[PDB]
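Scroll down for the structure; my scribbles are underneath it.
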Amino acid sequence: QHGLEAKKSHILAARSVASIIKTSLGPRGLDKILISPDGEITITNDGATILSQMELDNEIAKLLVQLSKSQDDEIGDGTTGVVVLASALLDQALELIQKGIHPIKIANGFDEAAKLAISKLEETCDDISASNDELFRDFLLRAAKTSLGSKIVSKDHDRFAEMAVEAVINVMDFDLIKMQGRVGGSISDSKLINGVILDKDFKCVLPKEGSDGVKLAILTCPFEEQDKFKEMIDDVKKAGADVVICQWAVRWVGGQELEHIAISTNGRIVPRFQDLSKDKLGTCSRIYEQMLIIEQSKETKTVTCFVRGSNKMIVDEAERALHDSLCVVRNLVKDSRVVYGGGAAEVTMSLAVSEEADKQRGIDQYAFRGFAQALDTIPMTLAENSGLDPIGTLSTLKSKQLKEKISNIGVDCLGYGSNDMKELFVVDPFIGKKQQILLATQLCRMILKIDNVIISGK
Amino acid sequence: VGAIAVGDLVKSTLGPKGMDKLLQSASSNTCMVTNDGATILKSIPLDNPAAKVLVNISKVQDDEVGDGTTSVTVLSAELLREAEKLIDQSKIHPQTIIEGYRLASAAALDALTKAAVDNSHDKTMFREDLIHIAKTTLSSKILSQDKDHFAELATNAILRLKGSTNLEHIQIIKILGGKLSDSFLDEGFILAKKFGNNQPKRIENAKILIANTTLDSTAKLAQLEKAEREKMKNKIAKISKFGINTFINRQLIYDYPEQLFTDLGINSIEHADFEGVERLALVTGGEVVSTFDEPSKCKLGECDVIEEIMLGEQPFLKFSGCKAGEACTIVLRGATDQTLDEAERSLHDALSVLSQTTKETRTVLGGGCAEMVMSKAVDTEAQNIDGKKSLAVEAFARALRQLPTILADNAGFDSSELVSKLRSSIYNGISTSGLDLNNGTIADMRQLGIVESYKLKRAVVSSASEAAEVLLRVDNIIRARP
Amino acid sequence: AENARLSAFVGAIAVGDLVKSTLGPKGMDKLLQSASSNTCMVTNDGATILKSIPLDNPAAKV
Amino acid sequence: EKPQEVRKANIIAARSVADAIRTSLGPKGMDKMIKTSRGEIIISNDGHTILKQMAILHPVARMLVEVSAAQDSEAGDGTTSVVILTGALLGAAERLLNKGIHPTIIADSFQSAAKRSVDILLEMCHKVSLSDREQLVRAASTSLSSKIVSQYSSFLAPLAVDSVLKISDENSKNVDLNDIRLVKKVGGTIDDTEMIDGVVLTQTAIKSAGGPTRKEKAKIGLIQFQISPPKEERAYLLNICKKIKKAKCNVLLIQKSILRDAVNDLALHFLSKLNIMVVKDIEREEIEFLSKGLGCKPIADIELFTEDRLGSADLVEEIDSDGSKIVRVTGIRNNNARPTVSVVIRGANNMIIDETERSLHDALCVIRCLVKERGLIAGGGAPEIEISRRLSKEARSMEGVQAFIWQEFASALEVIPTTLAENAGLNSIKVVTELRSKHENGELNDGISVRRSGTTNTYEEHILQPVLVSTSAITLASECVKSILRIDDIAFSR
Amino acid sequence: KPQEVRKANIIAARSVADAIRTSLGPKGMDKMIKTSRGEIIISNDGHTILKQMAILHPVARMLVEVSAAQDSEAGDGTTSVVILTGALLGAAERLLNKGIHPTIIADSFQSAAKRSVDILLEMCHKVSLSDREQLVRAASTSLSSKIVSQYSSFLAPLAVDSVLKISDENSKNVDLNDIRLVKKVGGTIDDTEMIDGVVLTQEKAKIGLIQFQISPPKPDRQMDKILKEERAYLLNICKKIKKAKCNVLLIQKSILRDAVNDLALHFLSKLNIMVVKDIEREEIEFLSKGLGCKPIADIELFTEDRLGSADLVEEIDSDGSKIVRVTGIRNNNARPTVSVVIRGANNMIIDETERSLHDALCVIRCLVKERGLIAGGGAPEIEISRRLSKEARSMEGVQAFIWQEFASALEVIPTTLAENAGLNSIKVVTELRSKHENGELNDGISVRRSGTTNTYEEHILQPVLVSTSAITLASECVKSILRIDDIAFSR
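Chains as they are written, first to last, in the authors' numbering: chain e, 41 to 213, 221 to 249, 256 to 277, 302 to 325, 342 to 383, 392 to 559; chain b, 24 to 238, 253 to 519; chain B, 15 to 76; chain d, 15 to 245, 266 to 528; chain D, 16 to 217, 230 to 247, 258 to 528.
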């Protein structure tokens with residue numbers, strides 16, 4: 041099959057995966073059960089990880105692999121509906137290709153219309169770096185609380201956010224920091240230490262001659302019989318090192350985990366037995382079990406979080422949210438430009454192209470209006486999950502935002518009685534909305550150009 | 024929709040009059056007869072992961088309650104039936120429907136607090152109710168005829184704890200042969216083992232020591262080969278310096294070192310897997326020793342009576358002289374292991390629960406009473422909440438009204454007349470009203486002889502009711518096929 | 015004895031569900047298509063429907 | 015009603031087992047021939063052997079084997095009577111389910127009737143002395159005649175009684191049968207069965223040289239290890275024999291060494307040169323019998339070998355009869371609190387030898403109930419109707435529908451005399467009609483007799499049964515049928 | 016399963032309604048139908064399509080009787096009734112999911128159909144009773160459902176002038192049953208011309236009518262006895278006919294038994310008397326009205342009074358075909374009859390010319406039944422849907438969403454004409470919606486220009502009765518399908 045009929049047998053399948061994660065967007069999402077071909081069971085309410093690993097036939101969903109590995113790593117916040125957001129521009133184009141419109145006319149129509157709404161974002165853009173450290177830190181507390189974490193952390197994010205913000209301030213001028228967690232405890236019982244988490248065990258180290266250091270020793274090569306065995310051990314105690322780390342007393346340390354110990358202690362790895370010296374020893378406060394607790398008295402570049410939860414799935418969901426939280430906060434402090442998300446930013450760009458559609462007119466008149474209707478379907482996803490009428494609520498909000506130029510009032514993702522995102526302190530990165538709404542046109546460039554699909558043999 | 028069909032199989036697994044469900048394994052062609060669906064849902068395979076979640080959450084209910092762990096699963100099964108009706112008739116989004124019960128869950132949790140009665144100071148009512156515990160919660164299975172017989176085992180065991188929360192110090196012994204009415208209570212530490220034929224039968228003031236280890254011509258090589266037999270002589274020589282006449286090993290012992298222990302007058306104990314090594318070290322004051330040189334490190338055990346006695350068919354061990362009341366022993370006797378295997382779970386339903394009940398002094402009337410009171414208190418929030426969730430608030434009490442129908446259907450009596458008389462008596466302001474399956478009527482718990490300790494009702498009736506609402510938040514939607 | 019009272023009472027229930035609403039303009043109908051002769055009838059009353067449909071149910075004779 | 019259909023199919027499976035064993039019930043029962051998958055043919059009427067080789071995929075039918083096995087642990091006899099008691103209560107349970115009676119009510123009705131049946135047996139008990147002959151045979155005489163060899167049981171009746179009375183206690187203990195061993199040999203007849211006062215070992219040694227034919231004034235030892243070089267050569271084995279002659283041990287008992295040490299030809303010639311008797315190829319299960327009987331301590335190393343661990347015996351000789359080699363030990367020294375005896379079994383065919391063996395284990399377990407409880411009751415199914423006389427008479431006091439199931443338990447007792455009438459070639463109702471009139475009034479212990487074909491005293495025909503036979507079995511049979519009604523359905527799992 | 020059983024037949028009904036869409040318009044295509052007897056019949060209209068189509072689904076069978084009512088009225092574009100039926104059934108599936116009862120959906124279609132008739136009356140164009148300017152423009156335009164107008168140059172004034180001369184200019188009924196369509200082999204389509212009198216399919232001669240069969244005394258020395266007795270009875274019949282001066286005799290169907298004896302033809306040959314047999318009894322209406330012939334049952338009642346009257350009767354041989362032409366008509370009649378002889382080279386052209394000419398006669402009958410003129414090219418279908426779209430928002434209610442779907446189904450008829458011509462479905466309709474607001478109502482659409490242009494100047498005119506009868510018959514078919522909630526198979 042070739043031609044327009046072949047394009048409908050593939051591209052139209054994107055509406056199937058869009059309705060799968062449609063109900064899972066935002067805090068109102070529902071837990072969906074997924075089964076991998078290998079037999080593993082994955083249950084989560086985040087649609088970004090659902091479509092990340094899946095077994096499908098049509099290649100129209102295979103283009104989402106580069107989208108999932110990007111938005112989750114670059115931002116992570118609001119990435120649950122990135123496929124629905126990307127299909128929103130496609131669903132409007134599916135009605136245009138039925139009219140006989142050329143794909144480039146559709147691609148250039150959505151590309152220029154998305155650039156006109158950037159000027160509207162600059163008018164409503166704010167800066168969180170211009171305020172003091174009190175307001176800048178408080179904005180990081182409610183940024184991921186009302187948006188990012190959708191599981192159990194709605195009320196309790198104050199514990200996970202405060203531990204995440206303090207980790208950012210310590211290293212402020221995450222790839223060099225290893226973070227993990229063990230199943231147990233609760234949300235508010237999580238502990239924070241300066242160092243790297245060491246799961247391997249051997256007890257208490259007393260203060261040495263130096264202030265706040267153990268003079269830690271790390272030897273990769275094992276001692277190499303009984304005469305040299307006890308002789309090399311006494312050489313470790315010459316510098317006052319009670320704890321020794323060797324591959325073959343802490344033993345069996347991983348390759349990547351061993352380097353994080355030297356990074357936090359600012360030490361060196363001693364391959365031989367003749368290179369042991371006080372200059373090659375790392376600096377660590379003490380090592381004890383409270392899993393050994395590695396503490397650092399002086400401020401270092403390694404600060405990790407230990408996730409605790411009552412369920413084994415909470416540890417996986419809370420830790421993954423922290424990986425995305427470190428990415429959002431990284432872009433907020435680096436990029437001073439910020440916007441108010443949570444339904445306000447998507448509707449903001451819809452009214453900009455709506456007013457510019459009547460100015461250009463021409464053949465792009467209905468093309469610009471379709472780009473406005475494509476952005477209007479994004480809040481319709483959160484409207485059904487919150488119980489609000491998608492057509493009725495937006496028709497009222499577009500009328501209120503017509504008289505008042507402030508676009509912050511809009512659909513609330515939390516479902517509370519406050520429709521103002523500025524009142525709820527919902528702040529999203531400006532580069533985040535750029536990598537979601539604007540970058541989605543780049544993904545549509547591959548979909549709109551689909552014409553004939555070549556299927557080879559075995 | 025994978026967990027909907029689960030409630031049909033476990034419907035008969037609740038209530039004291041409920042019927043057991045036979046299990047059949049494809050491997051070895053074994054079988055098991057049990058009431059609670061903890062092992063039933065675990066052994067039977069499940070093709071839907073939605074039903075696997077109900078199995079994983081039931082493992083916590085085993086140690087917390089253990090009696091009728093399916094009571095949490097039958098609630099979610101009834102809620103999904105009413106949730107599908109709200110999706111069609113009322114056309115409400117499932118998130119609002121699920122939160123409709125979550126918002127009404129606050130009234131259900133607060134209903135247990137208002138109905139909670141605080142008991143403190145004098146234990147006269149605490150010790151007297153320990154005997155009456157065995158008449159209700161202990162055995163819901165075919166063993167209900169042994170409630171009066173097993174009452175002496177559970178009553179004297181809790182009083183011996185004296186605040187002991189450690190379950191690993193309690194040993195369960197199953198005597199082969201005899202009858203269920205022949206189970207006797209013995210004072211001491213009972214363990215099922217044996218001795219050797221030539222070993223000394225009794226030794227006064229014996230010590231307990233365990234081990235984590237495992238014990253030119255053709256005849257010209259005998260000079261080099263005799264060194265292997267001398268290696269065991271250095272091990273027994275250092276152990277003999279301890280002055281211990283009773284040796285214990287985790288793994289098996291060869292016949293060669295076995296007779297070497299009899300030459301020095303040292304008993305040997307083997308066939309200890311997990312509970313044999315750990316509990317014996319705690320009761321007699323022992324510790325795992327990897328040294329076997331100087332009697333200094335770790336700890337050495339001691340026992341007054343090491344003599345073995347014959348209990349029932351196979352002779353078991355009787356250890357006396359323990360100076361600490363932390364450890365308890367409950368001995369049972371039965372002809373076949375069919376009723377004996379499920380008799381252990383009866384101890385986990387009450388005796389093992391009472392260890393953690395010392396902190397909770399709150400009590401509430403159970404046996405169908407507490408579930409109906411929460412349905413009466415939630416009805417007051419129907420007009421206050423209003424909204425679209427008001428339909429879920431009224432439907433929340435419908436699931437609680439179907440709980441007494443489980444005990445009525447398992448008893449054979451009609452569930453329409455019993456629940457109709459049960460609801461009308463409770464709505465009149467009587468909290469003691471409950472269902473009577475013996476006479477097929479409605480009577481109070483005190484009139485029917487149903488009484489339990491005030492600490493027990495919080496960790497069983499109130500705990501499972503509170504932990505259920507924690508487990509009712511699991512979302513069930515259309516899943517992805519493999 | 016179990017299926018004796020069942021199949022007898024449902025004789026008018028099976029083909030009568032459509033004619034229950036016959037009174038009133040909202041009444042449902044029933045279509046009877048013959049195997050040959052190119053004949054058929056459309057009515058909301060069970061009079062012609064019952065007489066033109068042979069049934070093995072003994073209760074249909076009453 | 016799926017649960018009602020599962021229990022209905024379980025009754026059919028229970029009646030199928032009860033109908034088969036029905037032909038084997040009583041002293042007139044018939045043997046069953048079964049072909050094992052290994053190729054061995056075992057023909058016996060013993061319910062323990064029949065259900066041992068029974069292969070049925072039905073789950074409850076597999077559980078019925080453990081039900082009859084439970085009766086062997088508590089009693090160990092009466093397999094011609096108490097076996098059907100399991101399926102007897104289930105046969106009348108079909109009408110109980112139609113009335114709408116709850117299973118727990120059925121379980122409570124049979125359990126309450128079980129305690130009432132025990133009190134009835136305690137009223138009919140008789141005085142039985144601890145040491146006697148003819149009276150102790152009357153209780154076993156019901157179980158003494160089963161196999162074809164029962165014709166010669168006239169001599170075997172006092173032998174089985176005197177065997178238990180040899181080693182026993184007057185304090186009414188469990189009477190462990192491990193001290194009494196039944197040894198078998200090829201050749202002879204069952205009429206020649208004799209009893210020995212000491213340990214008799216029928217194990218056949220290799221007997222390479224076989225120099226000594228017997229030993230007089232010998233010390234019987236117990237050796238777990240084997241004499242052989244570790245694996266100038268003869269010098270190492272001669273030094274071991276010097277330690278044997280140092281303790282004056284002329285009899286050596288060694289287990290099976292083929293796992294490691296195997297056997298050496300030089301060690302066999304050295305013991306025959308010094309005329310030292312040795313027995314090899316001994317199973318490990320025989321260590322407990324030889325150690326406690328002769329008072330010998332196991333020796334795992336030649337260094338631990340000494341005189342204090344060795345026993346003694348008057349005369350140790352090997353009896354050769356009908357081509358079979360048996361070792362008889364005359365006299366026992368180092369006496370302990372666990373004495374042992376032996377009974378030599380003689381037969382022709384290996385199946386016949388095992389045929390008479392199961393008849394002895396069935397007879398020896400009878401005295402165990404008489405020593406524990408001196409009570410005595412009538413046999414041949416006579417008290418079965420007599421117990422029902424005290425049950426159905428009180429049915430008017432059951433106060434409601436409970437009287438219906440109360441009569442069903444009493445009607446289930448009529449199955450015992452019904453099966454005996456059909457196995458003896460008599461009319462079923464004609465026996466029941468005579469019993470209902472006979473058990474009505476006159477005296478006690480009366481009942482039907484298969485020999486005389488009439489209702490009369492059971493002790494006149496020397497047919498009785500111990501009181502503990504029906505006491506523990508009926509209580510156990512009524513308990514097992516309670517768990518059978520607890521099965522809602524059969525579901526396959528992993 | 017009330018909904019699913021009915022929906023199963025709707026899919027089969029919409030499949031047939033979608034296949035006939037290619038048969039509409041001058042750019043359309045017809046289908047080949049092979050009869051069970053072995054004869055091939057090919058036609059553009061859906062009359063023959065639904066006649067030879069046998070489908071076990073009762074919905075597809077009920078479409079035959081619904082279309083047959085419109086086939087006798089217009090004959091061209093009758094497939095739009097089924098196309099509109101399949102469009103309303105497809106739109107009712109979404110309206111049924113909203114919780115609306117099927118009868119309410121059915122009653123809303125009839126309520127909107129009453130407003131559709133009033134729109135056709137407001138858009139009705141004034142037309143004169145008898146004119147050759149207006150009737151020719153409207154006749155050839157409705158014929159665009161097939162290929163006609165190429166050769167209609169001589170055919171267009173024929174159907175206009177013939178029908179007006181049959182009865183009168185007073186309109187009212189003017190039935191078409193008096194027209195005799197004669198099919199003869201030979202000639203071309205343009206050679207077809209009207210005849211001033213009735214012609215026979217099988230000088231100044233009188234035409235009679237005989238209901239019996241001339242033959243010897245055999246109703247349905259022996260050699261001379263048979264010859265004399267048979268010729269005597271035949272001679273007595275010849276004497277009665279000779280006295281009546283009837284030179285043309287007409288006999289009923291002779292194919293059964295008696296037929297006609299050869300001896301009777303020899304006696305009538307000397308008197309120059311015509312003998313014609315195998316005549317269907319349905320031709321008596323044309324003989325009684327046109328020729329004034331009275332049926333004669335028996336020779337005893339044979340007389341001159343029952344004989345017809347004519348001026349000049351002669352035999353005309355056209356391309357080897359013998360045709361009896363009658364010049365002049367003398368009788369008492371208020372509606373003289375006119376016959377048309379169809380000529381063609383091949384039978385496939387002759388059979389196609391009949392349906393092309395018969396449909397050209399029906400559109401003239403629709404003009405004299407109800408006077409009016411409407412635009413062509415499906416233009417009135419948009420203005421009707423435009424008003425119903427505005428009236429739906431005015432009345433609101435539950436019928437607002439139903440009338441919107443009912444108006445959207447009316448746009449399928451002009452869309453089908455664009456799809457068959459190679460034009461984009463939505464792209465053209467989108468451009469028309471701006472043109473319908475431009476052209477201001479009666480301004481129509483032309484097929485050649487593929488856009489909105491004048492009608493009367495482009496010779497595009499359509500009768501209002503066809504559009505009125507199409508909406509009425511289509512509404513009655515849709516309300517009957519949704520009203521039946523299940524089917525049954527029995528005797």
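Ideal Cβ positions, reconstructed from N, Cα and C, are used throughout, including at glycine.
Distance check for residue j and residue i, CA to CA, integer angstroms please.
i: d:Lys314; j: d:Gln289; result: 6 Å
i: b:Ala129; j: b:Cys406; result: 19 Å
i: e:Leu175; j: e:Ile240; result: 25 Å
Label residue i either buried or exposed according to how many other C-beta atoms from any shown protein chain fall within 10 Å of its C-beta, with 16 as the threshold for buried.
i: D:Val163; result: buried
i: d:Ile463; result: exposed
i: b:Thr469; result: exposed
i: D:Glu319; result: exposed
i: e:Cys377; result: buried
What residues from chain B crowd round residue i, counting only those whose CB sits closer than 9 Å?
i: D:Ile521; result: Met42, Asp43, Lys44, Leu45 and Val56
i: D:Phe526; result: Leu46, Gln47, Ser48 and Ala49
Flag this pair as yes or no: are the beta carbons of residue i and residue j separated by less than 8 Å?
i: b:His155; j: b:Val488; result: yes
i: d:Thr156; j: d:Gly413; result: yes
Whole-angstrom Cβ separation of residue i and residue j, contact assumed at under 8 Å?
i: e:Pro364; j: e:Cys323; result: Contact flag wrong, Cβ pair sits at about 11 Å.
i: b:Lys413; j: b:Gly211; result: Incorrect: roughly 50 Å between the Cβ atoms, too far for contact.
Could you work out which residues of chain d lie near residue i, taking near to mean beta carbons separated by less than 7 Å?
i: b:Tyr293; result: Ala334 and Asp335
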